[PDB]
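Note: the block below is my_file34.tsv and it holds TSV, N, CA and C atoms.
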```tsv
chain	number	residue	atom	x	y	z
Y	1	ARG	N	-35.61	9.28	-12.54
Y	1	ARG	CA	-34.50	10.01	-13.22
Y	1	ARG	C	-34.31	11.40	-12.60
Y	2	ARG	N	-33.05	11.79	-12.40
Y	2	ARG	CA	-32.72	13.09	-11.83
Y	2	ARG	C	-31.48	13.69	-12.49
Y	3	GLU	N	-31.60	14.94	-12.93
Y	3	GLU	CA	-30.49	15.63	-13.58
Y	3	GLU	C	-30.21	16.96	-12.87
Y	4	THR	N	-29.07	17.03	-12.19
Y	4	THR	CA	-28.69	18.23	-11.45
Y	4	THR	C	-27.46	18.88	-12.06
Y	5	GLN	N	-27.42	20.22	-12.03
Y	5	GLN	CA	-26.28	20.97	-12.56
Y	5	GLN	C	-25.13	20.97	-11.57
Y	6	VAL	N	-23.91	21.09	-12.09
Y	6	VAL	CA	-22.71	21.10	-11.25
Y	6	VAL	C	-21.69	22.12	-11.74
V	1	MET	N	-11.50	7.47	-22.35
V	1	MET	CA	-11.33	8.88	-22.80
V	1	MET	C	-11.16	9.83	-21.61
V	2	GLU	N	-9.92	10.25	-21.37
V	2	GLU	CA	-9.62	11.17	-20.27
V	2	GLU	C	-9.47	12.60	-20.77
V	3	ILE	N	-9.72	13.57	-19.89
V	3	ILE	CA	-9.61	14.98	-20.22
V	3	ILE	C	-9.11	15.75	-19.00
V	4	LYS	N	-8.04	16.53	-19.16
V	4	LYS	CA	-7.49	17.28	-18.03
V	4	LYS	C	-8.05	18.71	-17.99
V	5	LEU	N	-9.15	18.86	-17.26
V	5	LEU	CA	-9.81	20.15	-17.12
V	5	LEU	C	-9.26	20.94	-15.94
V	6	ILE	N	-8.92	22.21	-16.19
V	6	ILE	CA	-8.38	23.08	-15.14
V	6	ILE	C	-9.50	23.81	-14.40
V	7	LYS	N	-9.50	23.68	-13.07
V	7	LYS	CA	-10.52	24.32	-12.24
V	7	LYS	C	-10.49	25.84	-12.37
V	8	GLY	N	-11.60	26.41	-12.85
V	8	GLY	CA	-11.69	27.85	-13.01
V	8	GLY	C	-12.59	28.50	-11.97
V	9	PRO	N	-12.51	29.84	-11.80
V	9	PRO	CA	-13.34	30.57	-10.83
V	9	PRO	C	-14.83	30.29	-11.00
V	10	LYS	N	-15.28	30.26	-12.26
V	10	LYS	CA	-16.69	30.00	-12.57
V	10	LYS	C	-17.11	28.63	-12.03
V	11	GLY	N	-16.56	27.57	-12.63
V	11	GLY	CA	-16.89	26.22	-12.19
V	11	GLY	C	-16.85	25.21	-13.33
V	12	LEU	N	-17.80	24.28	-13.31
V	12	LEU	CA	-17.88	23.25	-14.35
V	12	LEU	C	-18.62	23.79	-15.57
V	13	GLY	N	-19.82	24.34	-15.35
V	13	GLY	CA	-20.60	24.90	-16.44
V	13	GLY	C	-21.46	23.88	-17.18
V	14	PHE	N	-21.93	22.85	-16.47
V	14	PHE	CA	-22.78	21.82	-17.08
V	14	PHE	C	-23.55	21.05	-16.01
V	15	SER	N	-24.28	20.01	-16.43
V	15	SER	CA	-25.05	19.20	-15.51
V	15	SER	C	-24.75	17.72	-15.74
V	16	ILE	N	-25.28	16.86	-14.87
V	16	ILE	CA	-25.07	15.42	-14.98
V	16	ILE	C	-26.20	14.64	-14.32
V	17	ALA	N	-26.22	13.34	-14.55
V	17	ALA	CA	-27.20	12.43	-13.97
V	17	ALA	C	-26.44	11.18	-13.50
V	18	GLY	N	-27.04	10.34	-12.65
V	18	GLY	CA	-26.30	9.15	-12.25
V	18	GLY	C	-26.85	8.41	-11.05
V	19	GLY	N	-26.94	7.08	-11.13
V	19	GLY	CA	-27.40	6.30	-9.99
V	19	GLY	C	-28.82	5.81	-10.13
V	20	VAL	N	-29.17	4.79	-9.34
V	20	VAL	CA	-30.51	4.21	-9.36
V	20	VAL	C	-31.54	5.24	-8.87
V	21	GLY	N	-32.68	5.31	-9.56
V	21	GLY	CA	-33.73	6.26	-9.19
V	21	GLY	C	-33.51	7.64	-9.80
V	22	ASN	N	-32.27	7.92	-10.21
V	22	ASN	CA	-31.90	9.19	-10.83
V	22	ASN	C	-31.06	8.94	-12.10
V	23	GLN	N	-31.10	7.71	-12.63
V	23	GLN	CA	-30.32	7.32	-13.81
V	23	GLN	C	-30.58	8.23	-15.02
V	24	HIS	N	-29.51	8.47	-15.78
V	24	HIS	CA	-29.59	9.30	-16.99
V	24	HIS	C	-29.92	8.45	-18.22
V	25	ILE	N	-29.50	7.18	-18.18
V	25	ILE	CA	-29.73	6.26	-19.28
V	25	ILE	C	-30.17	4.89	-18.76
V	26	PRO	N	-31.29	4.35	-19.30
V	26	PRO	CA	-31.81	3.04	-18.88
V	26	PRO	C	-30.78	1.93	-19.05
V	27	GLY	N	-30.51	1.20	-17.96
V	27	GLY	CA	-29.55	0.11	-18.01
V	27	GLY	C	-28.13	0.54	-17.63
V	28	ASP	N	-27.89	1.85	-17.54
V	28	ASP	CA	-26.57	2.37	-17.18
V	28	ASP	C	-26.69	3.41	-16.07
V	29	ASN	N	-26.21	3.05	-14.87
V	29	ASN	CA	-26.27	3.96	-13.72
V	29	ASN	C	-25.03	4.87	-13.65
V	30	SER	N	-24.29	4.99	-14.76
V	30	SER	CA	-23.10	5.84	-14.80
V	30	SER	C	-23.48	7.32	-14.74
V	31	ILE	N	-22.48	8.20	-14.78
V	31	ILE	CA	-22.74	9.64	-14.74
V	31	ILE	C	-22.67	10.26	-16.13
V	32	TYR	N	-23.83	10.67	-16.65
V	32	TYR	CA	-23.93	11.29	-17.97
V	32	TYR	C	-24.27	12.77	-17.88
V	33	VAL	N	-23.72	13.56	-18.80
V	33	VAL	CA	-23.99	15.00	-18.85
V	33	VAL	C	-25.35	15.25	-19.51
V	34	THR	N	-26.22	15.99	-18.82
V	34	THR	CA	-27.57	16.26	-19.32
V	34	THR	C	-27.71	17.64	-19.97
V	35	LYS	N	-26.87	18.60	-19.58
V	35	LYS	CA	-26.96	19.96	-20.12
V	35	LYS	C	-25.66	20.74	-19.90
V	36	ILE	N	-25.04	21.18	-20.98
V	36	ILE	CA	-23.80	21.95	-20.89
V	36	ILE	C	-24.06	23.45	-21.08
V	37	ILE	N	-23.64	24.25	-20.10
V	37	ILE	CA	-23.82	25.71	-20.15
V	37	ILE	C	-22.75	26.35	-21.04
V	38	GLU	N	-23.12	27.46	-21.70
V	38	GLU	CA	-22.20	28.17	-22.58
V	38	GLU	C	-21.00	28.71	-21.80
V	39	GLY	N	-19.85	28.79	-22.48
V	39	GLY	CA	-18.64	29.28	-21.85
V	39	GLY	C	-18.20	28.48	-20.62
V	40	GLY	N	-18.72	27.25	-20.49
V	40	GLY	CA	-18.37	26.41	-19.35
V	40	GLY	C	-17.13	25.56	-19.61
V	41	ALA	N	-16.61	24.95	-18.55
V	41	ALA	CA	-15.42	24.10	-18.64
V	41	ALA	C	-15.54	23.09	-19.79
V	42	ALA	N	-16.62	22.30	-19.78
V	42	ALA	CA	-16.84	21.30	-20.82
V	42	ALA	C	-17.11	21.96	-22.17
V	43	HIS	N	-18.05	22.91	-22.19
V	43	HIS	CA	-18.42	23.64	-23.41
V	43	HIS	C	-17.18	24.21	-24.11
V	44	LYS	N	-16.29	24.84	-23.33
V	44	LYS	CA	-15.07	25.43	-23.88
V	44	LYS	C	-14.08	24.36	-24.32
V	45	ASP	N	-13.99	23.27	-23.55
V	45	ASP	CA	-13.09	22.17	-23.87
V	45	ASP	C	-13.45	21.53	-25.21
V	46	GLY	N	-14.73	21.19	-25.37
V	46	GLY	CA	-15.20	20.58	-26.60
V	46	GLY	C	-15.17	19.06	-26.56
V	47	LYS	N	-14.28	18.49	-25.74
V	47	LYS	CA	-14.16	17.04	-25.62
V	47	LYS	C	-15.43	16.42	-25.03
V	48	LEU	N	-16.00	17.08	-24.02
V	48	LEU	CA	-17.22	16.59	-23.37
V	48	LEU	C	-18.47	17.10	-24.09
V	49	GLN	N	-19.31	16.16	-24.51
V	49	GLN	CA	-20.55	16.47	-25.20
V	49	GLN	C	-21.69	15.60	-24.66
V	50	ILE	N	-22.91	16.14	-24.65
V	50	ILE	CA	-24.07	15.40	-24.15
V	50	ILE	C	-24.05	13.94	-24.64
V	51	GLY	N	-24.41	13.01	-23.75
V	51	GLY	CA	-24.43	11.60	-24.11
V	51	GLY	C	-23.26	10.81	-23.56
V	52	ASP	N	-22.15	11.49	-23.22
V	52	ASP	CA	-20.98	10.80	-22.69
V	52	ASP	C	-21.24	10.31	-21.26
V	53	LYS	N	-20.54	9.24	-20.89
V	53	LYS	CA	-20.67	8.67	-19.56
V	53	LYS	C	-19.38	8.84	-18.77
V	54	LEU	N	-19.53	8.98	-17.47
V	54	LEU	CA	-18.38	9.18	-16.60
V	54	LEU	C	-17.91	7.87	-15.98
V	55	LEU	N	-16.82	7.34	-16.53
V	55	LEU	CA	-16.22	6.11	-16.04
V	55	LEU	C	-15.67	6.34	-14.64
V	56	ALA	N	-14.84	7.38	-14.49
V	56	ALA	CA	-14.26	7.71	-13.19
V	56	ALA	C	-13.84	9.18	-13.12
V	57	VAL	N	-13.70	9.70	-11.90
V	57	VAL	CA	-13.30	11.10	-11.71
V	57	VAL	C	-12.51	11.28	-10.42
V	58	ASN	N	-11.25	11.69	-10.56
V	58	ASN	CA	-10.36	11.89	-9.40
V	58	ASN	C	-10.02	10.55	-8.74
V	59	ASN	N	-9.82	9.52	-9.57
V	59	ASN	CA	-9.48	8.16	-9.10
V	59	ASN	C	-10.72	7.35	-8.68
V	60	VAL	N	-11.87	8.02	-8.52
V	60	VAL	CA	-13.10	7.32	-8.12
V	60	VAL	C	-13.94	6.95	-9.34
V	61	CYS	N	-14.59	5.79	-9.29
V	61	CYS	CA	-15.43	5.36	-10.41
V	61	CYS	C	-16.80	6.02	-10.30
V	62	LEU	N	-17.25	6.62	-11.40
V	62	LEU	CA	-18.55	7.28	-11.45
V	62	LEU	C	-19.59	6.43	-12.21
V	63	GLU	N	-19.40	5.11	-12.21
V	63	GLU	CA	-20.32	4.21	-12.91
V	63	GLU	C	-21.17	3.36	-11.96
V	64	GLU	N	-20.75	3.25	-10.70
V	64	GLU	CA	-21.49	2.46	-9.71
V	64	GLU	C	-21.81	3.29	-8.47
V	65	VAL	N	-22.26	4.53	-8.69
V	65	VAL	CA	-22.61	5.43	-7.59
V	65	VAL	C	-23.94	6.13	-7.82
V	66	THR	N	-24.53	6.63	-6.73
V	66	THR	CA	-25.80	7.35	-6.80
V	66	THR	C	-25.59	8.71	-7.47
V	67	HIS	N	-26.62	9.55	-7.45
V	67	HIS	CA	-26.50	10.88	-8.06
V	67	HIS	C	-25.63	11.77	-7.18
V	68	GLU	N	-25.82	11.66	-5.86
V	68	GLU	CA	-25.05	12.46	-4.90
V	68	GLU	C	-23.56	12.33	-5.19
V	69	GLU	N	-23.10	11.10	-5.41
V	69	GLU	CA	-21.69	10.83	-5.72
V	69	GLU	C	-21.31	11.46	-7.06
V	70	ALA	N	-22.23	11.41	-8.03
V	70	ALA	CA	-22.00	11.99	-9.36
V	70	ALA	C	-21.71	13.49	-9.25
V	71	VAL	N	-22.48	14.17	-8.40
V	71	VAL	CA	-22.31	15.61	-8.19
V	71	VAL	C	-21.15	15.90	-7.23
V	72	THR	N	-21.00	15.05	-6.21
V	72	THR	CA	-19.93	15.21	-5.22
V	72	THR	C	-18.55	15.09	-5.87
V	73	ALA	N	-18.42	14.17	-6.82
V	73	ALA	CA	-17.15	13.95	-7.52
V	73	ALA	C	-16.89	15.05	-8.54
V	74	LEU	N	-17.96	15.52	-9.20
V	74	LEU	CA	-17.83	16.60	-10.18
V	74	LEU	C	-17.49	17.90	-9.47
V	75	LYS	N	-17.99	18.04	-8.24
V	75	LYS	CA	-17.75	19.24	-7.43
V	75	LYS	C	-16.43	19.14	-6.65
V	76	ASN	N	-15.89	17.93	-6.51
V	76	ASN	CA	-14.63	17.72	-5.78
V	76	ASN	C	-13.42	18.09	-6.65
V	77	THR	N	-13.35	19.36	-7.05
V	77	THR	CA	-12.26	19.85	-7.89
V	77	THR	C	-11.50	20.99	-7.21
V	78	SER	N	-10.21	20.76	-6.95
V	78	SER	CA	-9.37	21.76	-6.31
V	78	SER	C	-8.68	22.64	-7.36
V	79	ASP	N	-7.53	22.19	-7.87
V	79	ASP	CA	-6.80	22.94	-8.89
V	79	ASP	C	-7.10	22.37	-10.28
V	80	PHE	N	-7.10	21.04	-10.39
V	80	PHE	CA	-7.39	20.36	-11.64
V	80	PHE	C	-8.43	19.27	-11.43
V	81	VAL	N	-8.93	18.69	-12.52
V	81	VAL	CA	-9.91	17.62	-12.45
V	81	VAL	C	-9.63	16.58	-13.54
V	82	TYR	N	-9.38	15.34	-13.12
V	82	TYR	CA	-9.10	14.27	-14.08
V	82	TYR	C	-10.36	13.46	-14.35
V	83	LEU	N	-11.01	13.77	-15.46
V	83	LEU	CA	-12.25	13.11	-15.86
V	83	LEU	C	-11.98	11.86	-16.69
V	84	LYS	N	-12.58	10.74	-16.27
V	84	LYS	CA	-12.44	9.47	-16.98
V	84	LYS	C	-13.78	9.08	-17.58
V	85	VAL	N	-13.84	9.06	-18.91
V	85	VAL	CA	-15.07	8.73	-19.62
V	85	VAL	C	-14.98	7.35	-20.28
V	86	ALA	N	-16.02	6.54	-20.10
V	86	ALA	CA	-16.05	5.19	-20.68
V	86	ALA	C	-16.70	5.21	-22.06
V	87	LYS	N	-16.23	4.32	-22.94
V	87	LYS	CA	-16.77	4.23	-24.30
V	87	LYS	C	-17.87	3.18	-24.37
V	88	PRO	N	-19.12	3.60	-24.66
V	88	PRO	CA	-20.27	2.69	-24.74
V	88	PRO	C	-20.20	1.77	-25.97
V	89	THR	N	-20.12	0.46	-25.72
V	89	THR	CA	-20.05	-0.53	-26.80
V	89	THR	C	-21.04	-1.66	-26.56
V	90	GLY	N	-20.82	-2.41	-25.48
V	90	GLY	CA	-21.70	-3.52	-25.14
V	90	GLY	C	-21.53	-4.73	-26.04
V	91	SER	N	-22.01	-5.88	-25.58
V	91	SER	CA	-21.92	-7.12	-26.35
V	91	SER	C	-23.23	-7.42	-27.07
V	92	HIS	N	-24.35	-7.27	-26.35
V	92	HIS	CA	-25.67	-7.52	-26.91
V	92	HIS	C	-26.10	-6.38	-27.83
```

In structure tokens, how does this file's structure come out?
Amino acid sequence: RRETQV
Amino acid sequence: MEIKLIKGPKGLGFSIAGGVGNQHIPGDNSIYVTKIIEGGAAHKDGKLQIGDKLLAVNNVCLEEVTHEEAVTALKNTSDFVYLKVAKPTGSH
């Protein structure tokens, strides 16, 4: 799982 | 569920997840918002809230792509951004 800001 | 967000100097003001190996939700490789920043595009709009999935963005589908595509499409905003969100229902 990976959560990156945009 | 579509939302017409206007590209601002700041930016989006939130985060997302998406794709195999970087999935936000088990069984769904779509693009979900993981954290919304205050005073951000989504935060200010109110329509987008944690848990929603990204069906498509700018004519591209955000349900069958990796994380790179999830961020690339969210970042691919010139003047406006047409966000397409899918409604989670399922049969089983």

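Every residue within 8 Å of the file position (-19.9, 9.2, -11.2), judged by all atoms listed in the file, is given as residues 17, 18, 19, 29, 30, 31, 32, 53, 54, 55, 56, 57, 60, 61, 62, 63, 64, 65, 66, 67, 68, 69, 70, 71, 72, 73 and 74 of chain V.
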
N, CA and C atoms of the current selection, written as a compact mmCIF listing (two decimals), keeping the file's coordinate frame:
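File out_10.txt, as written:
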```txt
# COMPACT_ATOMS: atom_id res chain seq x y z
N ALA V 17 -26.22 13.34 -14.55
CA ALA V 17 -27.20 12.43 -13.97
C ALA V 17 -26.44 11.18 -13.50
N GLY V 18 -27.04 10.34 -12.65
CA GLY V 18 -26.30 9.15 -12.25
C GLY V 18 -26.85 8.41 -11.05
N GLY V 19 -26.94 7.08 -11.13
CA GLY V 19 -27.40 6.30 -9.99
C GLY V 19 -28.82 5.81 -10.13
N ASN V 29 -26.21 3.05 -14.87
CA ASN V 29 -26.27 3.96 -13.72
C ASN V 29 -25.03 4.87 -13.65
N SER V 30 -24.29 4.99 -14.76
CA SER V 30 -23.10 5.84 -14.80
C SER V 30 -23.48 7.32 -14.74
N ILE V 31 -22.48 8.20 -14.78
CA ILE V 31 -22.74 9.64 -14.74
C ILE V 31 -22.67 10.26 -16.13
N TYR V 32 -23.83 10.67 -16.65
CA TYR V 32 -23.93 11.29 -17.97
C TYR V 32 -24.27 12.77 -17.88
N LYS V 53 -20.54 9.24 -20.89
CA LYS V 53 -20.67 8.67 -19.56
C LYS V 53 -19.38 8.84 -18.77
N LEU V 54 -19.53 8.98 -17.47
CA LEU V 54 -18.38 9.18 -16.60
C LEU V 54 -17.91 7.87 -15.98
N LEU V 55 -16.82 7.34 -16.53
CA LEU V 55 -16.22 6.11 -16.04
C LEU V 55 -15.67 6.34 -14.64
N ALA V 56 -14.84 7.38 -14.49
CA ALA V 56 -14.26 7.71 -13.19
C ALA V 56 -13.84 9.18 -13.12
N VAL V 57 -13.70 9.70 -11.90
CA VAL V 57 -13.30 11.10 -11.71
C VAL V 57 -12.51 11.28 -10.42
N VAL V 60 -11.87 8.02 -8.52
CA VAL V 60 -13.10 7.32 -8.12
C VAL V 60 -13.94 6.95 -9.34
N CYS V 61 -14.59 5.79 -9.29
CA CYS V 61 -15.43 5.36 -10.41
C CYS V 61 -16.80 6.02 -10.30
N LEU V 62 -17.25 6.62 -11.40
CA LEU V 62 -18.55 7.28 -11.45
C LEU V 62 -19.59 6.43 -12.21
N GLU V 63 -19.40 5.11 -12.21
CA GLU V 63 -20.32 4.21 -12.91
C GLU V 63 -21.17 3.36 -11.96
N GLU V 64 -20.75 3.25 -10.70
CA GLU V 64 -21.49 2.46 -9.71
C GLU V 64 -21.81 3.29 -8.47
N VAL V 65 -22.26 4.53 -8.69
CA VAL V 65 -22.61 5.43 -7.59
C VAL V 65 -23.94 6.13 -7.82
N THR V 66 -24.53 6.63 -6.73
CA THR V 66 -25.80 7.35 -6.80
C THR V 66 -25.59 8.71 -7.47
N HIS V 67 -26.62 9.55 -7.45
CA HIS V 67 -26.50 10.88 -8.06
C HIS V 67 -25.63 11.77 -7.18
N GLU V 68 -25.82 11.66 -5.86
CA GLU V 68 -25.05 12.46 -4.90
C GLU V 68 -23.56 12.33 -5.19
N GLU V 69 -23.10 11.10 -5.41
CA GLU V 69 -21.69 10.83 -5.72
C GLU V 69 -21.31 11.46 -7.06
N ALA V 70 -22.23 11.41 -8.03
CA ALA V 70 -22.00 11.99 -9.36
C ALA V 70 -21.71 13.49 -9.25
N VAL V 71 -22.48 14.17 -8.40
CA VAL V 71 -22.31 15.61 -8.19
C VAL V 71 -21.15 15.90 -7.23
N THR V 72 -21.00 15.05 -6.21
CA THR V 72 -19.93 15.21 -5.22
C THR V 72 -18.55 15.09 -5.87
N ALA V 73 -18.42 14.17 -6.82
CA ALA V 73 -17.15 13.95 -7.52
C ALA V 73 -16.89 15.05 -8.54
N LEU V 74 -17.96 15.52 -9.20
CA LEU V 74 -17.83 16.60 -10.18
C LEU V 74 -17.49 17.90 -9.47
```

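Between atom C of residue 49 (chain V) and atom C of residue 82 (chain V) there is a distance of 15.5 Å.
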
Q.
Nearest residue to residue 2 (chain Y) out of V:1, V:25, V:36, V:6, using only C-alpha atoms?
A.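 Going through V:1, V:25, V:36, V:6 one by one, the smallest distance to residue 2 (chain Y) is for V:25.
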
Q | Point-to-point distance in Å for CA of residue 26 (chain V) and CA of residue 58 (chain V) | A |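 Going from CA of residue 58 (chain V) over to CA of residue 26 (chain V) covers 25.1 Å.
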
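Residue nearest residue 4 (chain Y) within the list V:43, V:84, V:92, V:35: V:35 [criterion: smallest interatomic distance, only N, CA and C atoms].
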